[PDB]
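*Asks:* coordinates only, sequence not included:
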C-alpha cells in the first residue's frame, strides 16, 4: 500500500524555489523579475522529483499545487523592522493563454484565466491543478517535434505544457525591499501511470531534453 | 512466442498496410554498438503505410515487430530487442537537444552512440522493463514483439512523433572467432490494426 | 517420412529377399556430378535377390529406397534423390545409342556425365515431377522413397530391363570449406513385395 | 532420464543435507584416463553432509549423482559414468594393498591409473553391469544416476568406508581437433534420504 | 545478411520451386518453341 | 569447465537478471543517492 504509485508520486517536492525580489523594479532593471516571476509548470526542474517522474512514460494526474511563500528582508535595507503583510494573486495561465510581463500587466484581471488569492500570513496555498492536457496523459518525454518545421525543439509537447504559474505582488511596491522566496510544491494526486522506464543514472544538464554526461 | 507489450493485444480506436515491411538488415559485428529504429519513422518512407504517413495528418497503428537473426548454431550472441515506449534520446556531453538528423533517421534507423546508458540518461541494464525479447543464438534465432498504440494522445501525427522505438543491442558481442561473419538483423515490421483519418494533402 | 511414388503402396501381382541391400556408399564431393543406380541392375549381382535375377526369366518387385547422408550439422548440401521411372539415358554429342557398359553398370552404378539435362535430353530442373525427396543437410539427413512396380509389362526380365533408376544429384555442391570431407551416400535398397516365377536356369 | 540402480528408489531405514554438492569440475582431455570419486569420501569434507560425516559414527545415505558435460555439439566423446558398488581398487604390478592416499582422495577424487582393467583386476568392458549412463555428446550432454543404500551392513561409518564409487571414464577420448578445449565434468552429488544417528564427537 | 559459422561453408545456396494451385487452367494448345526439327 | 568447439567462439558470455516475487514490499520512501542536483 505504501508502494502504491498514488502513494509513490504524491510527495510535495520543491520544483521551483524563486526568491524573487519585491522593490521598484521599474526604476532600473533590465532582465530580472519585475515583482513577479513567470514559471512554466514543468515537473523537470529539480532532479529528485524529475527522476521520480522519469520512471514512466505517460502520467495522467490531478496535479495539486502548494505554494509556500516566505518574505525575508533585503540585504540593501539590512533591517528587520517586522514582517509586513502581502497578499499574492497566484495565477495559472493555461496553454494558449497569454502570460503577464509586468506586475501591473493588465492580464492579472483574468477574465478567462484562473487565479487564487492568499496572504503571506496564512498557511500555504493548496489548490489542485486540473489535468488539462489535450492528450490523455502527461507525456513527460516527446520523441518528436512540437512543430512541423525542422527547427522545432525536440522533447517538447505542444499539449503537455501545463501552463505558467505566475505569482506577483498585487499590492504596490514598498519603500523597503523584500526578497519573497516562493516555493512550489507538486502533490500529484490520482496517479494514472503507464509503461515504466528505467530510472535515470547519468546527471542532467538541460531541463528540456534528456541528454547524458 | 510473441511478447505483446504489457499483456494486451492491439486493436482499433474505441468510441491494406499490414504487409511485413522488412527493412534492410544491418550487419551485426563484434564492435556493433546497437541499432534503433523509431516507429513509424522506420516506415515513414517505405510502402503504402509510408505513403499513408504523408497523406494523413493523424494516424494510429500497432506494430508486429519481428527480428530475425539467421545464424549458425556455432555463432554466439544475444541482442536485447527492446521496443522502448517513447524513447526521448540524448547526446553525450552536450546540453543541446538532439536535432532532426540525429532522430529522424528514416528507414535505415540510427546507430547507438552510448547504448549502455541507452543514449537517454537511463540505464539499459534496467531496460528490460520494456517490451523485450532475446535473440540468444544458443536457443533463439528469431524473436517477435507485439506493440499496441502507445501515445497519450489517442491518434496523432506520424511525421513528427515516434511512439515506439525498436532498439536491437548487443549486450554480448558476436562470437565466431573470425571476428564476425554474416548474421544480418532482418527487422520486419507490419503495421497491424492501422487506421488513418484526416484526408489532407500528402505531407 | 516416405514419399511413395504417386501415392500408392506396392503390392503383389493381381489376378526372403526383403533384406536392405546396402550399397557401397559413394563419396560426395564438391565436384561430384551425381550418381545413378538402375534397378534392379544395382542389385543384379548382390544378394539372394541378385541370385533370383539370374535364376528367373521373369520378375516383379517394388523397392524401398533409403538414402542416408550422415553429416555434421555444419555440412551443406541438398541432393535430389529422384527415382526416375524408366530412365532411357543418352550420350552427349553422339547419335549412337549408349551400350552395355554405359548402362549395365552393376552394383556400383554409373556417374552422371551431364546431369543438368539428366543425361537424357530432358531437364533435371523439371525432374521433381518424379518420385523425389531431399537430403538437405540443414534439416534432412536421411531420405527414403517407396517404389511400386513400374513397367507396362506386368512382369518382365530383370537382366535386360531397368524399371526404376535412382539418381542422387548434387543440385547444390557440398560445403564444409575443407573442399569436401567424409559424407558418404549410403544407398540401401530393399526389394519389397518381390515375386519370381519362371523357374529356369541361372542366367 | 535417471537410471536408478537395479530399478529401485532409495528410502529411509526400515524397522537438511539434500543440497546438490557440486564438485570442482575436472578437465576432460584426450589423454584423460578417467576420474573416480568414492562416496561419501568425495563429500566427506564439503558441506553440512561433510560435517555430518565427522559428527556421526554411523550413517546411511542415497546419492543422486548428476554429471554434466557442457559441450559444443561439434565436440566428441562418450564417458562411462559408472557408479561401482563397493569398488575395491588395486595397484599395478604390486602385491601391496593400496593405502590411504591412493583411496581417501577427498573431494577432488582420484584419477585412474589403468582404467581399462578399472584399476581393480576386473575389466571396464564388463563394467556396464553397473549403475551406468552415457554422456555421449552427440545426443547426451548430461547424465544422472540414482544410488540407494549399498552396504551389507545396514548403517555404517562414512569416514572408513566407501559404498559407491563414481567413475567417469573416457572410453572414447575427446575430439575437437584443437586437441581438447573446455568441457568440464560438473559432478554434482546430492545426498538424498540421508539419515544419521550416533551423536558423538566430530571425528 | 547471411551469417555462417567460421568452420562451416561460407558460400551458402538456395533452391527455388514452382508449382500450381488447383485453380490452374490451360487453353488453346499450341506447339512450343522449346524444340524444333531442322 | 567451459567446453566450446574449435570452430566456435572461445570467449563465451553470460547475462544475469533480477526480479522480485509477489511477496516483495517497500516502505519509508526516501530520496535516492542515485542522482542529485548541483
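*Replies:* Thanks, I have the structure now. Numbers count the residues shown, from 1 in each chain, chains lettered A, B, ... in the order given.

*Asks:* ok, residue B:12 - how many residues close by?
*Replies:* 11 (other Cβ atoms under 10 Å in any protein chain shown). All C-beta spots, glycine's among them, are computed from the backbone N, C-alpha and C.

*Asks:* repeat for residue A:6
*Replies:* Residue A:6, neighbours per other Cβ under 10 Å, totals 14.

*Asks:* Likewise for residue E:20?
*Replies:* 8.

*Asks:* In contact with it, which residues?
*Replies:* Residue E:20 makes contact with no residue under the criterion Cβ atoms under 8 Å, 6 or more residues apart in numbering or on different chains.

*Asks:* Residue A:152 now?
*Replies:* Contacts for residue A:152 (Cβ under 8 Å, 6+ apart) come out as A:145-146, B:160.

*Asks:* now swap in residue B:47 and tell me
*Replies:* B:17, B:19, B:21.

*Asks:* quick one: which of these sit in strands?
*Replies:* Those of these mapping onto strands are residue B:21, per DSSP state E.

*Asks:* which residue is nearest the middle of the chain?
*Replies:* I'll assume chain A. The centre of chain A sits closest to residue A:41, judged by Cα atoms, centre = their mean, with a distance of 4.1 Å.

*Asks:* nope, chain E please
*Replies:* residue E:17 (4.3 Å).

*Asks:* Please verify my assumption that that one contacts residue C:128.
*Replies:* Yes: counting by Cβ atoms under 8 Å, residue E:17 does reach residue C:128; the two are 7.1 Å apart.

*Asks:* which residues do those two both contact?
*Replies:* Taking Cβ under 8 Å, 6+ apart as the contact rule, residue E:17 and residue C:128 touch no residue in common.

*Asks:* Quick check, residue A:15 in contact with residue A:46.
*Replies:* Yes: assessed by Cβ under 8 Å, residue A:15 is found in contact with residue A:46 at 4.8 Å.

*Asks:* Between these two, point out the one with more neighbours.
*Replies:* Comparing residue A:15 with residue A:46 by other Cβ under 10 Å, the one with more neighbours is residue A:15, at 22 against 18.

*Asks:* and the contacts of residue B:47, which are buried?
*Replies:* B:17, B:21 (16 or more other Cβ atoms under 10 Å in any protein chain shown).

*Asks:* just to revisit the earlier point, quick one: residues contacting the residue nearest to the centre of chain A.
*Replies:* Neighbouring residues of residue A:41 by Cβ under 8 Å, 6+ apart: A:63, A:65, A:92, A:129, A:161-165.

*Asks:* Kindly report the same for residue A:211.
*Replies:* A:204-205, B:90-92, B:94-98, B:121.

*Asks:* ok, and which of those residues reach chain D?
*Replies:* Filtering the contacts of residue A:211 for proximity to chain D by Cβ under 8 Å from any Cβ of the partner chain leaves nothing.

*Asks:* which one of the residues you listed sits closest to chain C?
*Replies:* Chain C has its nearest neighbour among the contacts of residue A:211 in residue B:92, at 41.7 Å by Cβ to the nearest Cβ.

*Asks:* Close to chain D: what parts of chain E are there?
*Replies:* With Cβ under 8 Å from any Cβ as the criterion, chain E meets chain D at residues residue E:7.

*Asks:* What parts of chain E come near chain F?
*Replies:* Contact residues, chain E versus chain F (Cβ under 8 Å from any Cβ): E:5-8.

*Asks:* ok, the residue of chain E found nearest chain A to residue D:167 distance?
*Replies:* Nearest residue of chain E to chain A (Cβ to the nearest Cβ) works out as residue E:1 at 28.2 Å. Using Cβ to Cβ, to the nearest Å, residue E:1 is found at 48 Å from residue D:167.

*Asks:* what do you get for residue B:78?
*Replies:* In this view, residue B:78 and residue D:167 are 37 Å apart by Cβ to Cβ.

*Asks:* neighbour-wise, which of those two wins?
*Replies:* Under the criterion of other Cβ under 10 Å, the comparison of residue B:78 against residue D:167 puts residue D:167 first, with 27 against 21.

*Asks:* Understood, closing this out.
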